[PDB]
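J.: Residue numbers (the UniProt record's numbering), protein chains in the order written: chain A, 28 to 123; chain B, 79 to 86, 93 to 463; chain C, 14 to 128; chain D, 37 to 212; chain E, 43 to 250; chain F, 51 to 113; chain G, 41 to 196; chain H, 3 to 31; chain I, 36 to 221, 231 to 288, 314 to 358, 369 to 376; chain J, 2 to 145.
Structure in structure tokens, see below.
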Amino acid sequence: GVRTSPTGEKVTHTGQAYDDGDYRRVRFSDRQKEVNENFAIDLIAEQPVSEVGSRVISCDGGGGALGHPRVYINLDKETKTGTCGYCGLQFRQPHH
Amino acid sequence: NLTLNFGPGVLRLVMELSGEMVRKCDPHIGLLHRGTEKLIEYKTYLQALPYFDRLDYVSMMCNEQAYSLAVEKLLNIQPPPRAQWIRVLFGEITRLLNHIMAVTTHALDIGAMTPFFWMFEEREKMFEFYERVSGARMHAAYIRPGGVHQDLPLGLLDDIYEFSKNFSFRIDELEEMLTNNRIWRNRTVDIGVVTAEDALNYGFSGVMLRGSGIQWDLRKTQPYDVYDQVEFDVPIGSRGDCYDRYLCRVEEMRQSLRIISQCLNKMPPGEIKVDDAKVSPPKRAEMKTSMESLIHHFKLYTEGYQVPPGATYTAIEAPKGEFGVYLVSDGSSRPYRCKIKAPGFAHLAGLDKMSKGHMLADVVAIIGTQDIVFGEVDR
Amino acid sequence: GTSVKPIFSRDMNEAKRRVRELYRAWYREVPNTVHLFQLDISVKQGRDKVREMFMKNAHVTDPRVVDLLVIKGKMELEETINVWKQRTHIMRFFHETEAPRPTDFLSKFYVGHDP
Amino acid sequence: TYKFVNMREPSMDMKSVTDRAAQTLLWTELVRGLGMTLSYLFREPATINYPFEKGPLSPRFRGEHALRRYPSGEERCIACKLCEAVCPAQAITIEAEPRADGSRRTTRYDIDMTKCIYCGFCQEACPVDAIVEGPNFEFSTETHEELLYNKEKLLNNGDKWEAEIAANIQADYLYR
Amino acid sequence: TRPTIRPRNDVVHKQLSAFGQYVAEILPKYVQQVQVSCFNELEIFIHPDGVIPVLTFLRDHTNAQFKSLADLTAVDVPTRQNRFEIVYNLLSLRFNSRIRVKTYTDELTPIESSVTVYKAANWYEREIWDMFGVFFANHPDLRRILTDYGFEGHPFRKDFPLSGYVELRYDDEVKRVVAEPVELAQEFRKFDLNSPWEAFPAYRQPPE
Amino acid sequence: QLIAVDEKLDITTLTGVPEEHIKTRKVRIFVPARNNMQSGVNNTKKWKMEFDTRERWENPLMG
Amino acid sequence: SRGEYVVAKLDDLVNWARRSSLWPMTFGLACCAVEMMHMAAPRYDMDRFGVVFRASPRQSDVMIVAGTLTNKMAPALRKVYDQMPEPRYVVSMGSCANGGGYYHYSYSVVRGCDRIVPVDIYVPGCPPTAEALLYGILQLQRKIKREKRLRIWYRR
Amino acid sequence: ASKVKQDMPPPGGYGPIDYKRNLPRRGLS
Amino acid sequence: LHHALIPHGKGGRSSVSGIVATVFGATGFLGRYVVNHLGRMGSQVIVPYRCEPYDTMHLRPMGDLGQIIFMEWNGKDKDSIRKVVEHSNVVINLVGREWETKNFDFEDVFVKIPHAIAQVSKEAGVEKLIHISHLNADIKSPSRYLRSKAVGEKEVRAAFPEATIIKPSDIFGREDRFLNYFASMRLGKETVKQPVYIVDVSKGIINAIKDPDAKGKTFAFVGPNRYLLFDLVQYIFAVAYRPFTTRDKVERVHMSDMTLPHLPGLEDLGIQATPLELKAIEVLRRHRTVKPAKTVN
Amino acid sequence: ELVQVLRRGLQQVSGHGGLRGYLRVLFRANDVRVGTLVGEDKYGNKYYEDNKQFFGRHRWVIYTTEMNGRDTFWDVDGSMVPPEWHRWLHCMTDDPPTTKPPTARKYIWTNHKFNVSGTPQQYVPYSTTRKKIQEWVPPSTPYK
Ligand SMILES: CCCCCCCCCCCCCCCCC[C@@H](O)O[C@H](CO[C@H](O)CCCCCCCCCCCCCCC)COP(=O)(O)OCC[N+](C)(C)C
Ligand SMILES: NC(=O)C1=CN([C@@H]2O[C@H](COP(=O)(O)OP(=O)(O)OC[C@H]3O[C@@H](n4cnc5c(N)ncnc54)[C@H](OP(=O)(O)O)[C@@H]3O)[C@@H](O)[C@H]2O)C=CC1
Ligand code: SF4
Ligand code: SF4
Ligand code: SF4
Ligand SMILES: [Zn+2]
């Protein structure tokens, strides 16, 4: 989800953009500004929340040894969903 | 008598000449002094391993092996047998690489220049072997202070055998071009003669010793990895001149082929790094499933392993001579002192004596027969 | 007590003698150095620079330190005699590319925090 | 055990002396070297037709760096800073902060590719396989500045080379 | 001690200890200490005045004849009054053995040059002078060997900064290469890697 | 054979340090305080000598 | 009219001549020189591109700085550059020549050969494979092909 | 399940490798 | 002061001086010295070049990474000037050709281009503008070069009221066109010349940038000593160890150097003008294979 | 014999689609060999192999004449090969991306780009972090 500054610059996923009076914009004259279009926060926001019928669920990120270290997530809090610290995937117990 | 300054590896050379005869020769070095030893003191042992690839940059895994042997001696651990066999096999491959480079650049400087190409084809094949094992053509950083970084891929030994069973004919072609040629003889025979006592006193090592008839080789006298097990012959010269060192280096290529055959046949099974996760990192699967393995991976890659306090001097029979490291450890994860002993330093020191009463065109041949690479000379 | 081992001298008089000999050699060399290296400075400027370098170490009151500086200056002289240095090495003594660092408190206060 | 390389004694009978004299006068070894070079002319050259033909490589080959991401599309890097702690050349600079959703993500990830020594320590220290040193080696540059990669450049490198990077990791990961 | 521990050699330890006795007995005027490490390295600590005598004896004696000089170096320990530690490594081909001789010095006390005993030491000693500032008396030609001409300071001393004090560039004004005070675009990152919780109890020091 | 001269040792003229890095710096000699995040005390055994902090600025390129 | 056409064609001819025969000299300072020699080996064979092997400094077109540039070496590098005939191009090979690399924070190392000479092409690697250096040489050739000296003179 | 599979020489080893010097004499007195 | 423009460092290669300078005509004899003096102290330099990129190559090592930025332009277009000086706070004008081309006369070079540059600089908000004219510049002068300079100097001051005008007097240097011109010859006794050293002019431009009170002032950059043409050429030929450009150059070089005591000079910016006797050997050592000329004061 | 090599030369001429294609490949790739076509690339590259050639010469690519935006009849470079064919061509695998395509991801580039240095699309480095110290904003109202 790439945005655009009022001056016209693209806004990176880190939110960085030179302000109007900043001389450093001269570096982009006759050239381009290197910006990634795929924002990880938006892409992970589009993932579905899984529903597993256990109090604790394990995540390795998929792929086994090609993922991240295995972690275990508690799903006892019904107000929210358990989020993996590495992968960002969300889990949930089947409420109602 | 006039003074000549042959300036810009890269070498500056100041000589006093009376006619054509060389009266005085004075090499000025330091044009490739980067300060490796001081920079090492700011790195951990793992972080300081890659400098040794750059030290003598024609024989990389030999420097890696010497550094690893010193660190292992200070750590009081030993690599597994398969790691030692891999180390010796790639050390002999590296010896082949170094000897090809030395002999063919010697000939090139003399003016032959055809075997240079003939044998850099083989050198490219050996670089492919280095690349397959570590992902890097020359600075592999493959041999670590606990064994080797990774295991051989499943087709490497077959290709090594296929390469090594034709190399003898390449050496034979090189010999046909160089050994009996009368111009080569008259360029090399009775040039740069060194006596055994002067060779010993001046600190010479390697072929420079054996060219004068001294029977010495660290692979035979003080074997380090699996050298005692493998059988090979040590070529010994008789006159102490450039031609005898040439013959010694060619015969060393042949004996390296012999050892390579033996290593290929006697490869054992097992693991490749010491099974001690406080020195050598655990596997990725263990690191991603075990708590102890994750903690040890974290600590080994951020802080490093602490080495017990002490000072050691470890030497190996590198292709250019005795390559040594004087390593001083204060008990932390960074070395307190790392002095490097390169045979090129001593040989270039003796160049002045060895080029006495010779023509100006023989200084080239003497520098070539010393096998001087200025990365190790200047450090 | 405080007995220490001599390098070259036994007291400060011999150190002064060696300093004077070194200054003699440097003063003799300055003209040949200016001519041979094709410097754009005057022989007066070179000799004034030699005087300034010798004056930098005027407060030394230790014969060991003094004759060690004499050995270092002799090494430098031998470098310049044998033309082991280049124009760049010789020209450095003059810092012709460095902006004048001010000394007064007000000027330093304006440029930055460095005392 | 040891061998002698130059401990031969020439025979002094008349036939051997005549052989040596004939070699000296008629240049037999010189003609034999000529023959060696001539034979070597008539064999196939080892040259490859670059850039239409490429030198062989390995899955273990180290090349231009990249930052990978999971199948979902989220970047793998979690700002643990082990790659920056292990870098022998201090080429990596990292700055992190909690994201808008509380995730542990970097805000700065710079590699100075003029300081890098391409040792691969960074990719073998990473626990989540985020930083990799990919297969690309043809990325020569006309200015010094374009070799100072920031996070956007490395992420673009990853999204550009992901197919072959993942294939190489699949081929090689069982050796690690 | 299972396969992950380096094997130990008692025979060589005993032999090196005996030869340490022998060298100690013959030269009581200079030798101050003898040590044999766990990995069978034998080093002898001597007084600076014994450098020529100790070195000559090792080389020429029928039982020593350490005719090869493998290496000569220095170590900087600023906490000591005698700042520099001079180390000689010697190899004997006759008995297939190695020895180490250690000595101490400071900034202003010269050491006797052993070029007379070993021709190998010549360049080695020059390097020490270049790198630490240790003066060697009666050296045939002592000068810098590795640093740039006119370089001020001795880089391998512990109080010398890593990047030094000056750096070189090209100036088009004076049309030459010039040296100016060092400024770094990115400063070297100093890491505090040492951990508490000492690792090796066998080296614990008394709490004084 | 011994000078037996009496004077405090001062090697500033031999070390090669620039003039303003001697008379302007202020060093601190101290035993580093134990990190409060850990209970180990092995880092508070020796004495450290360090210097006074000078200015660090931002690189216009790469920050 | 035809005035621009003739200068464009003549400039194309001169560019083709200049980039079709590049004679380099190589400062083989360090281990990047080994990969430079492997680019002259049979497998890659720089000579087949018209790039001869080890031209003299007096008749050299491009300077290849392959290795670490120390402070003791920079004056000689600049002097050899100054003696080169024009047009002259400089190619920086490897990390040590690009920006100091593994010896960047050293007292005796020049933090990049571009502190001394202007550089046209940067070849990254430690060391850049012989194929990478060949790619850099061909990129320099394309850069020469892109230049246009006669048109600029015509319009001034 | 699966057993160990790593790079090993084939059963019986590899064939002999020539290393001796081989410079044949062409032959004419 | 817009934090990104606050000076930082010790005035070195990698420091920041808060100067964003656009140097028009930076590929000339004076431009290289100006750009070197700017970049050796940490300032960012924007350089616009009509010519091939290869010609500018020498400037590359004059500044740290990213500190020198090259962009193409032409005087006939105003958009290029607008994009080149868009972010600068100092604009230095060094554009000038001593002869006539089929596309650019003296009116194009010295009047239209500087006027458009000043107009665009004023529109874009550039704080400081420095212009270079000649010491001998007057409308009444017979020479087109001098006459053009007067018209341009006036029109620039009209466009940029607080601009600073610098009038150097016959600059000499290593790449100059004075000493090289007279040393390549291998009519006088009434013409007197007042040469000025190139480094002094460059430092004067730098100080005028750093001097706040030199907003609307006009300067005359002159040397220490006045020389007759004949004995000056005699000295030039003596230094080169030698036995003793169409129509405008000769008429300009036979023209005597004006004197403007009212205008402030280099000494008002804190520059001790270097005598030609020191730098003559430096310039003329390359023309070879002591008794300085008399000066009038 | 010699007639056999001549017939192979004539077959080599004919297998390039006539004299025109023969001269095209001769003047573009400096090589007129004929091998089995392995695959077609979406940017126009052709891939061929010949297992009877020695290692290194047994696979090759004929670059397209127009990639993203430039005429590539003469200006070809090795950065024009997409990553899957890059892996096949550099002999990191035996499996061309036609027999087994790579895994498809929504974030993977759908359009490979060559080296863009010396081109307005070149990468310009910049800092991706925000301002660290914030300045005080004076009030717009007067004090007296
Ligand atoms: C007879 C009078 C002589 C007077 C003096 C002149 C000297 C003799 C003139 C003859 C010179 C021969 C020129 C032939 C050049 C064509 C080469 C062709 O192959 O170039 C192609 C295209 O190159 C250029 O586009 C063509 C430029 C050639 C010259 C253009 C017009 C010149 C005519 C002017 C003649 C008037 C002479 C007046 C001056 C005296 C592609 O090559 P290139 O891309 O590089 O290399 C890529 C390699 N790949 C394909 C493997 C990747
Ligand atoms: N004799 C002297 O040295 C002193 C000169 N004068 C003034 O000093 C100024 C510059 O000094 P100097 O170095 O000697 O001049 P130069 O001849 O050395 O360089 C002229 C500069 O202006 C540029 N330039 C010239 N014409 C044009 C144009 N039509 N369009 C775009 N750019 C152009 C040049 O670029 P390019 O090379 O690409 O054409 C170049 O950058 C001049 O404006 C002159 O009037 C001041 C007193 C005397
Ligand atoms: S790339 Fe990997 S090792 Fe580096 S900071 Fe990110 S997660 Fe940590
Ligand atoms: S490859 Fe090595 S030097 Fe390069 S970034 Fe990774 S760890 Fe640092
Ligand atoms: S650039 Fe890299 S490969 Fe080349 S010499 Fe330096 S460290 Fe070695
Ligand atoms: Zn997860």
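C-beta atoms are modelled at their ideal positions from N, C-alpha and C, and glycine is treated no differently.
Can you find the residues in the same chain that come closer than 7 Å, C-beta to C-beta, to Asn-71 (chain I), ignoring five residues on each side of it along the sequence?
T.: Along the ninth sequence, one-based indexing puts residue 71 (chain I) at 36. These residues qualify, in order along the chain: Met-97.
J.: Is the beta carbon of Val-363 (chain B) sitting closer than 8 Å to the one on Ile-124 (chain B)?
T.: On the second sequence, residue 363 (chain B) is found 279 positions in, with the first residue counted as 1. On the second sequence, residue 124 (chain B) is found 40 positions in, with the first residue counted as 1. No. Outside cutoff.
J.: Mind checking the stretch 51–67 of chain D against chain H and listing, in chain order, the residues whose C-beta falls within less than 9 Å of any C-beta there?
T.: Answer set for the stretch 51–67 of chain D: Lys-51, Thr-54, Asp-55, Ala-58, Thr-64.
J.: For the alpha helix (DSSP H) containing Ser-252 (chain B), list its first residue and its last residue.
T.: In the second sequence, counting from the first residue as 1, residue 252 (chain B) sits at position 168. Where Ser-252 (chain B) is concerned, the enclosing alpha helix (DSSP H) stretches over 251–262.
J.: How far does the beta strand (DSSP E) with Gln-346 (chain B) in it reach, from first residue to last?
T.: Taking the first residue of the second sequence as 1, we reach residue 346 (chain B) at position 262. Premise fails: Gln-346 (chain B) lies in the alpha helix (DSSP H), 326–349, not in any beta strand (DSSP E).
J.: Just to confirm, is the Cβ distance from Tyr-175 (chain G) to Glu-174 (chain D) under 8 Å?
T.: Locating residue 175 (chain G) in the seventh sequence gives position 135, counting from the first residue. Locating residue 174 (chain D) in the fourth sequence gives position 138, counting from the first residue. A contact, by the Cβ cut-off of 8 Å.
J.: Identify every residue that forms a DSSP beta bridge with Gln-77 (chain E).
T.: If you number the fifth sequence from 1, residue 77 (chain E) lands on position 35. Paired residue(s): E:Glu-85.
J.: How close, in whole Å, do the beta carbons of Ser-115 (chain I) and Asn-109 (chain I) come, if the pair is a contact with beta carbons under 8 Å?
T.: Stepping through the ninth sequence from its first residue, residue 115 (chain I) is reached at position 80. Stepping through the ninth sequence from its first residue, residue 109 (chain I) is reached at position 74. Right, their Cβ atoms sit about 6 Å apart.
J.: Is any heavy atom of ligand 1 found at a distance shorter than 7 Å from the C-beta of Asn-31 (chain J)?
T.: The count along the tenth sequence starts at 1 and reaches residue 31 (chain J) at position 30. Correct: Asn-31 (chain J) has its Cβ closer than 7 Å to ligand 1.
J.: As an exercise, report each continuous beta strand (DSSP E) stretch of at least 3 residues that is fully enclosed by the stretch 396–455 of chain B, in chain order.
T.: Whole beta strand (DSSP E) segments, 3+ residues: 405–413, 421–425.
J.: Tell me whether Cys-123 (chain D), by its Cβ, gets closer than 7 Å to a heavy atom of ligand 3.
T.: Sequence index remark: in the fourth sequence, residue 123 (chain D) carries index 87 (1-based). Not under cutoff, so the answer is no.
J.: Which residue or residues does DSSP assign as beta-bridge partners of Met-99 (chain F)?
T.: For the purposes of this step, residue 99 (chain F) is identified with residue 49 of the sixth sequence, where counting begins at 1. DSSP lists F:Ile-79 as partners of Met-99 (chain F).
J.: Measuring from the CB of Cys-114 (chain A), is there a heavy atom of ligand 6 at a distance below 7 Å?
T.: The sequence position of residue 114 (chain A) within the first sequence is 87, counting from 1. It does: the Cβ of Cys-114 (chain A) is within 7 Å (strictly closer) of some heavy atom of ligand 6.
J.: Distance cutoff 8 Å, beta carbons only. Does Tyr-191 (chain E) sit that close to anything in chain C?
T.: Along the fifth sequence, read from residue 1 onward, the residue named residue 191 (chain E) stands at position 149. With 8 Å as the cut-off, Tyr-191 (chain E) counts as an interface residue toward chain C.
J.: Would you check whether ligand 2 has a heavy atom nearer than 7 Å to the C-beta of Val-157 (chain E)?
T.: The residue labelled residue 157 (chain E) in the question sits at position 115 within the fifth sequence. No, Cβ of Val-157 (chain E) sits at least 7 Å from all heavy atoms of ligand 2.
J.: Please confirm if the stretch 120–140 of chain I is in contact with the stretch 42–59 of chain I, defined as three or more CB-CB distances below 8 Å between the two stretches.
T.: Yes, since at least three Cβ pairs between the stretch 120–140 of chain I and the stretch 42–59 of chain I fall closer than 8 Å, the two stretches touch.
J.: Using DSSP's beta-bridge definition, name the partner residues of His-101 (chain D).
T.: Here residue 101 (chain D) refers to the residue found at position 65 when the fourth sequence is read from its first residue. Answer by DSSP bridge pairing, in chain order: D:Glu-169.
J.: Among the residues of its own chain, which have a CB less than 8 Å from the CB of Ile-19 (chain H), if the five just before and after it don't count?
T.: Within the eighth sequence, the letter at position 17 stands for residue 19 (chain H). The answer is none, since no qualifying residue turns up.
J.: Spell out whether any CB of chain I is found under 8 Å from the CB atom of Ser-32 (chain A).
T.: Stepping through the first sequence from its first residue, residue 32 (chain A) is reached at position 5. Taking Cβ atoms only, chain I never reaches closer than 8 Å to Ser-32 (chain A), which makes this a no.
J.: For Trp-63 (chain D), does the three-state DSSP call read helix, strand or coil?
T.: Taking the fourth sequence and counting its residues from 1, the one referred to as residue 63 (chain D) is at position 27. Coil.
J.: Pairs of beta-carbons, one from the stretch 102–120 of chain G and one from the stretch 133–149 of chain G, closer than 8 Å: are there three or more?
T.: Yes: at least three Cβ pairs fall under 8 Å.
J.: Can you name the residues of chain G whose CB is closer than 7 Å to the CB of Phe-230 (chain E)?
T.: For this step, residue 230 (chain E) is matched to residue 188 along the fifth sequence. Per Cβ cutoff of 7 Å: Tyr-145.
J.: Below 6 Å CB to CB, which residues in the same chain sit around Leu-49 (chain C) once its five sequence neighbours on both sides are set aside?
T.: Within the third sequence, residue 49 (chain C) is the residue found at index 36, counting from 1. Nothing listed; no residue qualifies.
J.: Does any residue of chain G bring its CB to less than 8 Å from the CB of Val-216 (chain E)?
T.: Counting from 1 along the fifth sequence, the entry for residue 216 (chain E) is found at position 174. No, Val-216 (chain E) does not count as interfacial toward chain G.
J.: Do three or more CB pairs link the stretch 81–101 of chain J to the stretch 36–51 of chain J at distances below 8 Å?
T.: The stretch 81–101 of chain J, when compared against the stretch 36–51 of chain J, does touch it at the 8 Å Cβ threshold.
J.: Mapping DSSP to helix, strand and coil, what is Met-103 (chain G)?
T.: On the seventh sequence, residue 103 (chain G) is found 63 positions in, with the first residue counted as 1. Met-103 (chain G) falls in the strand class under three-state DSSP.
J.: Using a Cβ-Cβ cut-off of 8 Å, state whether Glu-160 (chain D) counts as contacting chain F.
T.: Position 124 of the fourth sequence, counted from the start, is the residue given in the question as residue 160 (chain D). So, not an interface residue.
J.: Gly-40 (chain J): which of J:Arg-34, J:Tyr-64, J:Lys-107, J:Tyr-144 sits nearest, CA to CA?
T.: One-based indexing of the tenth sequence puts residue 40 (chain J) at position 39. Residue J:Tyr-64 is the option with its Cα nearest to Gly-40 (chain J).
J.: CB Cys-113 (chain D) to CB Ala-161 (chain D), shorter than 8 Å?
T.: Residue 113 (chain D) sits at position 77 when you count from the first residue of the fourth sequence. Residue 161 (chain D) sits at position 125 when you count from the first residue of the fourth sequence. Cβ atoms of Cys-113 (chain D) and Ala-161 (chain D): not closer than 8 Å.
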